[PDB]
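Chemist: Here it is: the structure, laid out below.
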Amino acid sequence: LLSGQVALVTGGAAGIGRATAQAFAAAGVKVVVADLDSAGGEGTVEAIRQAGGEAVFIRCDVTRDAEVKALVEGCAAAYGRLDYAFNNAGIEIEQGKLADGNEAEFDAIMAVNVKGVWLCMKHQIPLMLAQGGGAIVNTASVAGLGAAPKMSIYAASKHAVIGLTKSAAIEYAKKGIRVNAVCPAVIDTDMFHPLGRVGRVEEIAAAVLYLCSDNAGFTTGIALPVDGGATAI
Amino acid sequence: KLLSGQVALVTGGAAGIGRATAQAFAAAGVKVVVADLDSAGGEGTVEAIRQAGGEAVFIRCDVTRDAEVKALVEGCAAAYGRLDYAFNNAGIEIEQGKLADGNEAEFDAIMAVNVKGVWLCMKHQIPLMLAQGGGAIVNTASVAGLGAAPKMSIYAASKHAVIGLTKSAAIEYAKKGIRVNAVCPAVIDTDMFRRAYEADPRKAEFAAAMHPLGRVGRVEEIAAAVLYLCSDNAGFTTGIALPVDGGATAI
Amino acid sequence: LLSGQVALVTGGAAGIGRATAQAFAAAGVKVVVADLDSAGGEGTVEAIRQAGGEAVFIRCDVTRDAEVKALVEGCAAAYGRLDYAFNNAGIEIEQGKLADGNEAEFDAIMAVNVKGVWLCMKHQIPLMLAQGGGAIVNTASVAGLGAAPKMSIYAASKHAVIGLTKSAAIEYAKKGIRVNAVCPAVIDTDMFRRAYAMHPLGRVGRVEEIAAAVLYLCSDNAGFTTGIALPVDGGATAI
Amino acid sequence: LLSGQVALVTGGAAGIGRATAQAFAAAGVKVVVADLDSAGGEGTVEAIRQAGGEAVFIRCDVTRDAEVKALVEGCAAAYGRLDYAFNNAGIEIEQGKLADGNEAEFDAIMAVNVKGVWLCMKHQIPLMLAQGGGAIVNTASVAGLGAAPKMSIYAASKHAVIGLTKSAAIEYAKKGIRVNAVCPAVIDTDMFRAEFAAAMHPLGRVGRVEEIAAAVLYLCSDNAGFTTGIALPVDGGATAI
Ligand SMILES: NC(=O)c1ccc[n+]([C@@H]2O[C@H](COP(=O)([O-])OP(=O)(O)OC[C@H]3O[C@@H](n4cnc5c(N)ncnc54)[C@H](O)[C@@H]3O)[C@@H](O)[C@H]2O)c1
Ligand SMILES: NC(=O)c1ccc[n+]([C@@H]2O[C@H](COP(=O)([O-])OP(=O)(O)OC[C@H]3O[C@@H](n4cnc5c(N)ncnc54)[C@H](O)[C@@H]3O)[C@@H](O)[C@H]2O)c1
Ligand SMILES: NC(=O)c1ccc[n+]([C@@H]2O[C@H](COP(=O)([O-])OP(=O)(O)OC[C@H]3O[C@@H](n4cnc5c(N)ncnc54)[C@H](O)[C@@H]3O)[C@@H](O)[C@H]2O)c1
Ligand SMILES: NC(=O)c1ccc[n+]([C@@H]2O[C@H](COP(=O)([O-])OP(=O)(O)OC[C@H]3O[C@@H](n4cnc5c(N)ncnc54)[C@H](O)[C@@H]3O)[C@@H](O)[C@H]2O)c1
């Protein structure tokens with residue numbers, strides 16, 4: 001069970017973000033859905049509303065500080081508080097081994113996957129501090145825990161997400177903010193293992209909700225693999 | 001709904017983390033077999049479950065004894081017909097010195113309960129779960145399974161070993177419907193720990209200072225992690241060592 | 001022992017980079033020293049030459065693709081090939097917890113510590129491919145293995161170095177290119193004395209201890225060692 | 001590059017242990033070769049002596065406290081001190097997945113691989129303390145860092161080696177004793193002498209005994225004084241995934 005009232009999900013227009021927004025709402029939480037994709041983001045808000053939940057869509061490019069600042073202000077204006085943040089927007093666009101990549105790809109992946117998470121947390125934390133605490137979950141990857149051949153920039157970016165996650169967890173541990181990362185392997189989304197199958201968006205959402213749950217109060221600074229056994233070998 | 005399995009086995013269920021997790025399973029609607037050397041504490045866990053409206057039974061078992069563990073798993077099927085979830089949580093922590101100051105009796109005792117006990121339990125749980133087409137196992141490791149434990153080197157070795165058993169079994173049985181995970185608690189406030197720091201408050205001050213959160217963990221927090229690892233929507237989660245540690249391993 | 005002929009050290013004007021440049025040269029390797037700090041970089045080369053070794057300084061801002069390209073080609077122009085690369089240039093400039101940092105600090109740290117390593121590797125690898133091999137060592141940090149309070153951007157950047165390292169190690173494992181990261185804790189350099197008992201050993205590390213770890217990772221008998229993050233930390237990560 | 005005078009190598013009669021004993025001796029260190037196998041052990045000593053080095057053989061079952069104590073005493077008896085210890089004796093004997101294993105296998109693997117390392121360190125440490133320091137390397141495995149299907153007891157045992165290593169490293173850090181683990185993947189030992197195991201390494205081959213020996217010597221080297229409590233994978237990329 002979740003007793004906080006408001007969650008923010010970035011990248012909530014599709015895939016893991018949409019599923020996790022829906023899961024928060026089904027648990028009784030008011031959800032701000034943030035994304036570049038306004039069509040999909042309103043699609044997520046409408047699915048929540050048709051199921052009996054509360055949700056608003058706010059368009060935001062997480063690479064832009066002013067828009068992320070406005071997004072967290074929008075959370076406060078819409079619902080008065082922010083208890084949970086799922087910083088999940090990310091991209092994966094590489095086509096080759098490290099020597100065959102280009103600087104445009106590097107810049108784009110790092111901007112969304114690292115700067116986006118950093119900016120989001122940078123603006124979420126003061127609002128959570130004002131309320132006496134909160135819980136943040138960042139989407140890393142099994143590529144944040146080991147090699148990702150032909151996705152070396154992506155792996156660098158998801159490693160970096162774990163570094164931000166652990167550092168913020170320690171910095172704000174005594175201030176009521178928990179910070180964790182979920183580390184999916186291959187998940188059946190549009191961006192698309194010892195168990196012999198790929199994972200499902202509902203399985204990532206369930207892990208995010210565990211990390212945000214009332215009885216996860218002692219869980220902070222971890223990178224939770226949801227990976228069908230991939231990192232165990 | 002979150003756990004659709006019918007039957008859980010908790011070893012070390014007479015006290016502490018095991019007692020609380022047995023209660024958490026029962027509160028979720030699961031019938032619980034409580035296994036322990038401590039008959040009094042074990043029947044006490046069962047009584048608390050029953051008074052709360054759940055179902056449980058106690059089966060005495062020394063997890064270091066192969067014949068007793070085999071009979072314990074047989075007793076689960078006799079009592080409730082199957083075994084969906086197993087929490088292999090019995091363990092001891094008895095060292096008093098640095099590595100060169102420990103003794104072979106301590107080594108043998110710690111390794112027997114903490115490693116052989118987990119191995120025996122899995123050895124007899126897995127065939128039952130194979131026959132059912134699936135099951136989930138959670139083993140109690142520790143933050144000492146993930147890093148040094150000064151003045152507890154044998155304990156650390158034993159909890160590292162639990163993670164090795166966990167990951168190996170997770171890969172071996174992944175395609176047979178069995179998931180195997182480990183929970184890695186830091187210091188948890190059990191009834192025994194509380195008695196200890198009531199007599200010596202420095203133990204509470206020191207233990208809280210070991211964790212970035214500035215407190216020790218709660219038995220209900222370990223229980224909730226175990227139930228997550230057993231939950232229906234944790235079907236893609238296997239072979240992990242989940243720290244529940246107030247940030248301790250993030251440092 | 002090291003059978004390769006040519007090493008490149010970025011951030012070689014000072015500290016860990018200077019000591020590792022000197023160590024390569026002591027092992028008989030010709031060294032290209034690269035840094036923004038020309039006076040320090042020429043100082044490293046002067047010290048190597050004064051001890052009987054061979055080295056040259058090439059000024060390079062590792063955040064700039066064209067400068068890194070010219071630097072790597074300059075290695076081949078000076079000495080004919082490039083067998084070893086120590087991608088060690090880095091900065092540490094944060095002054096607050098995550099929510100107190102600023103975007104300029106983020107951009108600067110990520111540019112040197114992540115883009116610099118990525119650019120260096122992407123232009124070192126083609127030469128090593130043509131050679132049938134090489135050894136790359138990237139300077140990560142214990143901050144790439146765990147939290148670094150009040151240095152969250154730095155920790156993100158050094159985590160990213162490990163991701164680059166492991167990914168390239170797998171990509172090129174069958175092409176003879178080993179890629180590893182050394183992970184120092186606090187080392188007694190100007191980066192440390194600028195910032196002004198956390199280490200179980202009771203002291204901070206020495207630059208020659210990092211250099212020795214780099215040289216092990218580059219050594220002929222390290223041919224089965226790739227994709228690792230080697231902590232040189234007085235025990236810090238073992239807790 | 002190694003200023004210590006005396007190294008002890010357990011499991012020194014064959015394979016990684018023989019190779020590391022030879023490497024120590026080639027670096028000018030005096031070597032105590034320790035093993036159950038007296039014939040292979042003296043063979044290691046003979047190879048060292050043929051190359052101009054200094055070694056002796058001492059028989060020891062590392063599962064027996066009295067023999068391990070006598071082994072360390074024997075190091076001091078032969079050479080006066082003990083600077084380096086490579087606790088490398090180990091076995092790998094399982095035949096099936098976890099539920100198909102047996103208790104005799106469990107007991108044997110844990111006794112050599114865990115108790116043997118524990119006993120060795122327990123008796124090495126006081127001698128090193130009295131000298132003002134020393135360096136210990138324990139042989140773990142990639143199976144100490146992840147799953148080993150059909151070798152679950154072995155994986156448990158090598159995980160345990162890493163736990164002993166890290167704990168002792170922190171306990172004795174300020175007393176000058178460094179404690180590290182080397183973590184080999186598949187190594188071409190005379191027992192190994194197939195193509196399937198080679199292919200599961202990203203490098204595409206199995207490792208050489210000389211590559212493990214060189215990692216042990218780095219961990220014992222004079223300029224490894226800030227390296228302690230680590231598990232060093234020598235694995236052709238296996239653990240980088
Ligand atoms: N197999 C997988 O899908 C997989 C595996 C590992 C990690 N991940 C990570 O999971 C997270 C979600 O992945 P997904 O599979 O649901 O991807 P997805 O393709 O379904 O969409 C992710 C969302 O992020 C949005 N987005 C992208 N850039 C944005 C930006 N600058 N600002 C705001 N929104 C932006 C997109 O519009 C999209 O709605 C990502 O961070 C991804 O890297 C995914
Ligand atoms: N701070 C903590 O409490 C902490 C921290 C890390 C790990 N752990 C681990 O949590 C698990 C339970 O911890 P706890 O604090 O609740 O301990 P506890 O002493 O309060 O309960 C442990 C139970 O295990 C039983 N037991 C011991 N040996 C047994 C045997 N051979 N056969 C059957 N039962 C046996 C005991 O009778 C006891 O009821 C253990 O594995 C422990 O190592 C605990
Ligand atoms: N000293 C420590 O405690 C410590 C700890 C962990 C990691 N590190 C890392 O070790 C490496 C070396 O640091 P150091 O301790 O020797 O400090 P240092 O500042 O003395 O050396 C860093 C070198 O990198 C150069 N440099 C910076 N930006 C550059 C750029 N864009 N292009 C080219 N050169 C550039 C600098 O001029 C300098 O000479 C860095 O990557 C650092 O992040 C240091
Ligand atoms: N593929 C590999 O070879 C591999 C991989 C990972 C780890 N390891 C580990 O490397 C170490 C050496 O392995 P190896 O491949 O050289 O094996 P090996 O069988 O060739 O040599 C092992 C030596 O240990 C000795 N030994 C066994 N039990 C002993 C005991 N109780 N007391 C004293 N000596 C004993 C043996 O007599 C033998 O000489 C072991 O710890 C092993 O577990 C080996």
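All residue names refer to the structure tokens as shown: chains lettered A, B, ... in order, residues numbered from 1 in each chain, ligands numbered from 1 in order.
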Which residues sit within 6 Å of ligand 1, counting only C-alpha atoms and all ligand atoms, listed as number ranges by chain?
Modeler: A: 11-17, 35-37, 60-63, 88-91, 112, 139-141, 184-187, 189-192
Chemist: Taking only C-alpha atoms and all ligand atoms into account, which residues have an atom no farther than 6 Å from ligand 4? I'd like them as a PyMOL selection string.
Modeler: chain D and resi 11-17+35-37+60-63+88-91+112+139+141+184-187+189+191
Chemist: Given the selection you just returned, output its residues as a file containing N, CA and C atoms, formatted as a compact mmCIF listing (two decimals), in the first residue's frame.
Modeler:
# COMPACT_ATOMS: atom_id res chain seq x y z
N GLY D 11 47.96 -25.60 -2.35
CA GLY D 11 47.64 -26.16 -3.66
C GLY D 11 48.77 -26.01 -4.65
N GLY D 12 50.01 -25.96 -4.17
CA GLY D 12 51.13 -25.68 -5.03
C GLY D 12 51.65 -26.84 -5.85
N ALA D 13 51.04 -28.02 -5.77
CA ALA D 13 51.53 -29.18 -6.51
C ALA D 13 51.15 -29.18 -7.99
N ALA D 14 50.20 -28.34 -8.39
CA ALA D 14 49.62 -28.44 -9.72
C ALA D 14 48.99 -27.11 -10.11
N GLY D 15 48.80 -26.93 -11.42
CA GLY D 15 47.89 -25.90 -11.91
C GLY D 15 48.27 -24.48 -11.53
N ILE D 16 47.26 -23.72 -11.09
CA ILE D 16 47.48 -22.32 -10.75
C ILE D 16 48.49 -22.19 -9.62
N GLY D 17 48.41 -23.09 -8.63
CA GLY D 17 49.33 -23.00 -7.50
C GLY D 17 50.77 -23.25 -7.91
N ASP D 35 50.80 -28.73 -0.15
CA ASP D 35 49.82 -29.53 -0.88
C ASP D 35 49.63 -30.86 -0.15
N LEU D 36 48.54 -31.55 -0.50
CA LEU D 36 48.35 -32.95 -0.12
C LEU D 36 49.22 -33.87 -0.96
N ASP D 37 49.44 -33.49 -2.21
CA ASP D 37 50.13 -34.30 -3.22
C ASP D 37 51.63 -34.07 -3.07
N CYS D 60 50.57 -30.65 3.61
CA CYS D 60 49.54 -30.10 4.47
C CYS D 60 48.17 -30.38 3.87
N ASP D 61 47.28 -30.94 4.69
CA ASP D 61 45.86 -30.97 4.40
C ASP D 61 45.24 -29.71 5.00
N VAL D 62 44.82 -28.76 4.15
CA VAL D 62 44.35 -27.48 4.66
C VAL D 62 43.03 -27.57 5.40
N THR D 63 42.37 -28.73 5.39
CA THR D 63 41.15 -28.90 6.18
C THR D 63 41.43 -29.21 7.65
N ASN D 88 45.27 -21.21 -2.07
CA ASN D 88 44.81 -21.57 -3.39
C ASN D 88 44.29 -23.00 -3.50
N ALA D 89 44.58 -23.87 -2.52
CA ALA D 89 44.00 -25.21 -2.52
C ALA D 89 42.48 -25.13 -2.63
N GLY D 90 41.92 -25.94 -3.51
CA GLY D 90 40.48 -25.99 -3.66
C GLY D 90 40.09 -27.18 -4.49
N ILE D 91 38.81 -27.54 -4.41
CA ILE D 91 38.28 -28.64 -5.20
C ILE D 91 36.98 -28.20 -5.87
N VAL D 112 37.49 -27.91 2.18
CA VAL D 112 38.71 -27.44 1.51
C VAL D 112 38.59 -25.96 1.16
N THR D 139 42.27 -17.66 -3.45
CA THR D 139 41.66 -17.98 -4.75
C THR D 139 40.16 -18.12 -4.57
N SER D 141 36.83 -17.16 -7.40
CA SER D 141 36.41 -17.64 -8.71
C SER D 141 35.41 -16.62 -9.26
N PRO D 184 39.46 -16.24 -10.86
CA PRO D 184 39.65 -16.75 -12.23
C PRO D 184 38.35 -17.27 -12.81
N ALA D 185 38.25 -17.16 -14.14
CA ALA D 185 37.24 -17.93 -14.86
C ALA D 185 37.86 -19.28 -15.19
N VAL D 186 37.56 -19.86 -16.36
CA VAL D 186 38.14 -21.16 -16.68
C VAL D 186 39.61 -20.98 -17.05
N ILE D 187 40.48 -21.78 -16.44
CA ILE D 187 41.92 -21.71 -16.65
C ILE D 187 42.40 -23.05 -17.19
N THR D 189 44.28 -25.68 -16.99
CA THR D 189 45.14 -26.46 -16.11
C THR D 189 45.29 -27.86 -16.66
N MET D 191 44.49 -30.41 -15.29
CA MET D 191 43.22 -31.10 -15.07
C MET D 191 42.19 -30.72 -16.13
Chemist: Tell me, counting only C-alpha atoms, for each residue of chain A within 10 Å of chain B, which pair of atoms is nearest and how far apart they are in Å to one decimal, in rows ordered by chain and increasing number, as a tab-separated table.
Modeler:
residue	atom	partner	partner_atom	distance
A:162	CA	B:250	CA	9.9
A:163	CA	B:250	CA	9.5
A:165	CA	B:250	CA	9.2
A:166	CA	B:250	CA	5.7
A:167	CA	B:250	CA	7.9
A:169	CA	B:247	CA	7.0
A:170	CA	B:212	CA	6.1
A:171	CA	B:212	CA	8.6
A:172	CA	B:213	CA	8.6
A:173	CA	B:213	CA	4.8
A:174	CA	B:213	CA	5.3
A:175	CA	B:213	CA	8.6
A:176	CA	B:213	CA	8.4
A:177	CA	B:213	CA	9.5
A:178	CA	B:247	CA	9.0
A:179	CA	B:247	CA	9.4
A:180	CA	B:247	CA	9.7
A:184	CA	B:236	CA	9.4
A:185	CA	B:236	CA	9.4
A:187	CA	B:236	CA	9.9
A:193	CA	B:174	CA	9.4
A:194	CA	B:174	CA	6.0
A:195	CA	B:174	CA	5.2
A:196	CA	B:175	CA	7.1
A:197	CA	B:236	CA	8.8
A:198	CA	B:236	CA	8.2
A:199	CA	B:236	CA	6.0
A:200	CA	B:236	CA	8.0
A:202	CA	B:233	CA	7.0
A:203	CA	B:233	CA	5.2
A:204	CA	B:233	CA	8.5
A:205	CA	B:233	CA	8.8
A:206	CA	B:233	CA	6.1
A:207	CA	B:234	CA	7.4
A:209	CA	B:228	CA	9.9
A:210	CA	B:228	CA	6.9
A:211	CA	B:225	CA	9.4
A:213	CA	B:224	CA	9.2
A:214	CA	B:221	CA	9.0
A:215	CA	B:221	CA	5.2
A:216	CA	B:221	CA	6.0
A:217	CA	B:221	CA	7.1
A:218	CA	B:246	CA	4.7
A:219	CA	B:244	CA	5.0
A:220	CA	B:247	CA	5.1
A:221	CA	B:247	CA	5.2
A:222	CA	B:250	CA	6.6
A:223	CA	B:242	CA	8.7
A:224	CA	B:242	CA	7.0
A:225	CA	B:240	CA	6.8
A:226	CA	B:237	CA	5.0
A:227	CA	B:236	CA	6.0
A:228	CA	B:236	CA	4.7
A:229	CA	B:238	CA	5.2
A:230	CA	B:239	CA	8.3
A:231	CA	B:239	CA	7.8
A:232	CA	B:239	CA	5.4
A:233	CA	B:171	CA	7.6
Chemist: Emit the selected residues as an mmCIF file, in the first residue's frame, including C-alpha atoms.
Modeler:
data_model
loop_
_atom_site.group_PDB
_atom_site.id
_atom_site.type_symbol
_atom_site.label_atom_id
_atom_site.label_comp_id
_atom_site.auth_asym_id
_atom_site.auth_seq_id
_atom_site.Cartn_x
_atom_site.Cartn_y
_atom_site.Cartn_z
ATOM 1 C CA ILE A 162 22.820 4.664 -10.644
ATOM 2 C CA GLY A 163 25.543 7.095 -9.534
ATOM 3 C CA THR A 165 20.611 7.575 -7.412
ATOM 4 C CA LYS A 166 23.075 6.327 -4.810
ATOM 5 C CA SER A 167 24.600 9.759 -4.192
ATOM 6 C CA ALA A 169 20.095 8.581 -1.467
ATOM 7 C CA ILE A 170 22.999 9.161 0.922
ATOM 8 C CA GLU A 171 22.790 12.970 0.760
ATOM 9 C CA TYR A 172 19.105 13.101 1.744
ATOM 10 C CA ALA A 173 18.811 9.910 3.820
ATOM 11 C CA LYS A 174 18.228 11.789 7.067
ATOM 12 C CA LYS A 175 15.838 14.251 5.390
ATOM 13 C CA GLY A 176 13.062 11.781 4.604
ATOM 14 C CA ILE A 177 13.824 11.242 0.907
ATOM 15 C CA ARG A 178 14.516 7.731 -0.369
ATOM 16 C CA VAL A 179 16.104 7.362 -3.806
ATOM 17 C CA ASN A 180 16.258 4.023 -5.647
ATOM 18 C CA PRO A 184 15.003 -3.571 -16.196
ATOM 19 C CA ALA A 185 16.392 -5.986 -18.728
ATOM 20 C CA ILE A 187 10.864 -5.282 -21.527
ATOM 21 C CA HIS A 193 17.413 -13.987 -20.226
ATOM 22 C CA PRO A 194 17.666 -17.124 -18.086
ATOM 23 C CA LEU A 195 13.858 -17.107 -17.797
ATOM 24 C CA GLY A 196 13.660 -17.406 -21.589
ATOM 25 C CA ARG A 197 11.313 -14.461 -22.059
ATOM 26 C CA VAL A 198 11.340 -10.697 -21.959
ATOM 27 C CA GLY A 199 9.793 -8.842 -19.057
ATOM 28 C CA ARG A 200 6.493 -7.006 -18.957
ATOM 29 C CA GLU A 202 3.492 -4.560 -15.257
ATOM 30 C CA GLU A 203 6.525 -6.234 -13.689
ATOM 31 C CA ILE A 204 8.556 -3.018 -13.768
ATOM 32 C CA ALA A 205 5.590 -1.036 -12.453
ATOM 33 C CA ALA A 206 5.204 -3.477 -9.556
ATOM 34 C CA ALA A 207 8.874 -3.011 -8.646
ATOM 35 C CA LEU A 209 5.459 0.539 -6.452
ATOM 36 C CA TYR A 210 7.369 -1.699 -4.033
ATOM 37 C CA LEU A 211 10.190 0.861 -3.913
ATOM 38 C CA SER A 213 5.584 1.529 -0.667
ATOM 39 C CA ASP A 214 5.054 2.516 2.963
ATOM 40 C CA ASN A 215 6.866 -0.619 4.170
ATOM 41 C CA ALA A 216 9.916 0.121 1.989
ATOM 42 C CA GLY A 217 10.993 2.882 4.381
ATOM 43 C CA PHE A 218 14.361 1.200 5.016
ATOM 44 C CA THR A 219 15.053 0.663 1.283
ATOM 45 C CA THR A 220 17.198 3.395 -0.239
ATOM 46 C CA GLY A 221 20.184 3.688 -2.539
ATOM 47 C CA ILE A 222 19.606 0.358 -4.286
ATOM 48 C CA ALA A 223 19.554 -0.681 -7.930
ATOM 49 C CA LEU A 224 16.833 -3.332 -8.159
ATOM 50 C CA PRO A 225 17.332 -5.725 -11.113
ATOM 51 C CA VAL A 226 14.098 -6.834 -12.745
ATOM 52 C CA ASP A 227 15.860 -8.861 -15.346
ATOM 53 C CA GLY A 228 14.852 -12.530 -15.569
ATOM 54 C CA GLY A 229 18.159 -13.533 -13.988
ATOM 55 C CA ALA A 230 20.393 -11.625 -16.414
ATOM 56 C CA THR A 231 22.692 -10.071 -13.823
ATOM 57 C CA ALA A 232 22.959 -13.274 -11.763
ATOM 58 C CA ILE A 233 25.171 -14.851 -14.441
#
Chemist: Which of these, C:7, C:99, C:236, C:128, has the shortest distance to chain A once you count only C-alpha atoms?
Modeler: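 So, comparing all the options, the nearest one is C:99.
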Chemist: Counting only C-alpha atoms, which residues from chain C have an atom at most 6 Å from any atom of chain A, and could you show them as number ranges by chain?
Modeler: C: 99, 122, 147-149, 152, 155-157, 159-160, 163-164, 166-167, 171
Chemist: Just want the residues within 8 Å of ligand 2, written as a ChimeraX atom specification, counting only C-alpha atoms and all ligand atoms.
Modeler: /B:11-19,35-38,41-42,60-65,88-93,112-114,117,140-144,155,159,184-193,217,219
Chemist: Just the selected residues (C-alpha atoms), exported as a PDB file, in the first residue's frame, please.
Modeler:
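Generated file (out.pdb):
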ATOM      1  CA  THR B  11      12.292 -21.408   8.784  1.00  0.00           C
ATOM      2  CA  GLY B  12      13.456 -19.556  11.849  1.00  0.00           C
ATOM      3  CA  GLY B  13       9.802 -18.616  12.336  1.00  0.00           C
ATOM      4  CA  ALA B  14       9.780 -18.696  16.154  1.00  0.00           C
ATOM      5  CA  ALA B  15      11.197 -15.175  16.501  1.00  0.00           C
ATOM      6  CA  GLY B  16      12.329 -11.950  14.918  1.00  0.00           C
ATOM      7  CA  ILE B  17      12.324 -11.586  11.143  1.00  0.00           C
ATOM      8  CA  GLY B  18      10.980 -15.104  10.656  1.00  0.00           C
ATOM      9  CA  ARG B  19       8.055 -14.560  13.015  1.00  0.00           C
ATOM     10  CA  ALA B  35       9.632 -24.241  11.312  1.00  0.00           C
ATOM     11  CA  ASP B  36      12.121 -23.750  14.149  1.00  0.00           C
ATOM     12  CA  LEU B  37      14.149 -25.522  16.811  1.00  0.00           C
ATOM     13  CA  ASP B  38      12.242 -23.355  19.310  1.00  0.00           C
ATOM     14  CA  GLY B  41       8.337 -19.568  20.098  1.00  0.00           C
ATOM     15  CA  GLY B  42       7.114 -21.448  17.030  1.00  0.00           C
ATOM     16  CA  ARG B  60       9.876 -28.597  14.715  1.00  0.00           C
ATOM     17  CA  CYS B  61      13.000 -28.836  12.593  1.00  0.00           C
ATOM     18  CA  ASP B  62      16.747 -28.495  13.013  1.00  0.00           C
ATOM     19  CA  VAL B  63      17.665 -27.229   9.547  1.00  0.00           C
ATOM     20  CA  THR B  64      21.217 -28.615   9.912  1.00  0.00           C
ATOM     21  CA  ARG B  65      19.833 -32.191   9.811  1.00  0.00           C
ATOM     22  CA  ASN B  88      14.870 -19.910   4.446  1.00  0.00           C
ATOM     23  CA  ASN B  89      15.597 -17.598   7.307  1.00  0.00           C
ATOM     24  CA  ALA B  90      17.040 -19.668  10.197  1.00  0.00           C
ATOM     25  CA  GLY B  91      20.518 -18.405  10.991  1.00  0.00           C
ATOM     26  CA  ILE B  92      22.892 -17.570  13.818  1.00  0.00           C
ATOM     27  CA  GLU B  93      25.492 -14.886  14.531  1.00  0.00           C
ATOM     28  CA  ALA B 112      26.035 -25.596   9.516  1.00  0.00           C
ATOM     29  CA  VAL B 113      22.990 -23.387  10.146  1.00  0.00           C
ATOM     30  CA  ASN B 114      23.602 -20.511   7.769  1.00  0.00           C
ATOM     31  CA  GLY B 117      20.705 -25.230   6.488  1.00  0.00           C
ATOM     32  CA  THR B 140      18.010 -14.569   4.208  1.00  0.00           C
ATOM     33  CA  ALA B 141      21.470 -13.268   3.430  1.00  0.00           C
ATOM     34  CA  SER B 142      22.661  -9.986   4.959  1.00  0.00           C
ATOM     35  CA  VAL B 143      24.546  -6.837   4.102  1.00  0.00           C
ATOM     36  CA  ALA B 144      27.403  -9.030   5.380  1.00  0.00           C
ATOM     37  CA  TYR B 155      29.138 -14.845   9.429  1.00  0.00           C
ATOM     38  CA  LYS B 159      25.979 -14.956   4.079  1.00  0.00           C
ATOM     39  CA  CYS B 184      19.966  -8.698   2.532  1.00  0.00           C
ATOM     40  CA  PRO B 185      18.986  -6.958   5.787  1.00  0.00           C
ATOM     41  CA  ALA B 186      21.259  -4.632   7.666  1.00  0.00           C
ATOM     42  CA  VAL B 187      20.619  -4.315  11.418  1.00  0.00           C
ATOM     43  CA  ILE B 188      16.942  -5.056  12.202  1.00  0.00           C
ATOM     44  CA  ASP B 189      15.180  -4.204  15.495  1.00  0.00           C
ATOM     45  CA  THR B 190      14.032  -7.569  16.780  1.00  0.00           C
ATOM     46  CA  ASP B 191      12.717  -8.260  20.268  1.00  0.00           C
ATOM     47  CA  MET B 192      16.157  -9.714  21.150  1.00  0.00           C
ATOM     48  CA  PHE B 193      18.021  -6.711  19.741  1.00  0.00           C
ATOM     49  CA  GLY B 217      15.335  -1.530  10.172  1.00  0.00           C
ATOM     50  CA  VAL B 219      10.929  -6.604  11.023  1.00  0.00           C
TER      51      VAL B 219
END
Chemist: I'd like the neighbourhood of region 48-60 of chain C as a VMD selection string, where a residue qualifies if any of its atoms comes within 12 Å (using only C-alpha atoms), though same-chain residues fewer than 5 positions away should be ignored.
Modeler: chain C and resid 5 to 13 18 to 43 65 to 79 89 112 116 119 to 120
Chemist: Based on only C-alpha atoms, which of the residues in chain D come within 9 Å of chain B? I want them as a PyMOL selection string.
Modeler: chain D and resi 65+97-101+103+106-107+110+114-115+118-119+121-126+143-172+229
Chemist: Using DSSP assignments from the backbone, pull out every residue in region 32-178 of chain A that falls under helix (DSSP H, G or I) and give it to me as a VMD selection string.
Modeler: chain A and resid 38 to 50 65 to 79 98 to 100 103 to 131 142 to 144 152 to 171 173 to 175
Chemist: Around ligand 3, out to 6 Å and counting only C-alpha atoms and all ligand atoms, which residues are there? I want them as number ranges by chain.
Modeler: C: 11-17, 35-37, 60-63, 88-91, 112, 139, 141, 184-192
Chemist: Within 9 Å of chain C, which residues of chain D show up when using only C-alpha atoms, listed as a ChimeraX atom specification?
Modeler: /D:166-167,169-176,178,202-208,210-215,218,222-241
Chemist: Quick check, in Å to one decimal: how far apart do CA of residue 143 (chain C) and CA of residue 92 (chain A) lie?
Modeler: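 Result for CA of residue 143 (chain C) versus CA of residue 92 (chain A): 24.9 Å, one decimal.
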Chemist: Measure the distance from CA of residue 142 (chain C) to CA of residue 136 (chain A) in Å and round it to one decimal.
Modeler: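 Interatomic distance, CA of residue 142 (chain C) to CA of residue 136 (chain A): 23.5 Å.
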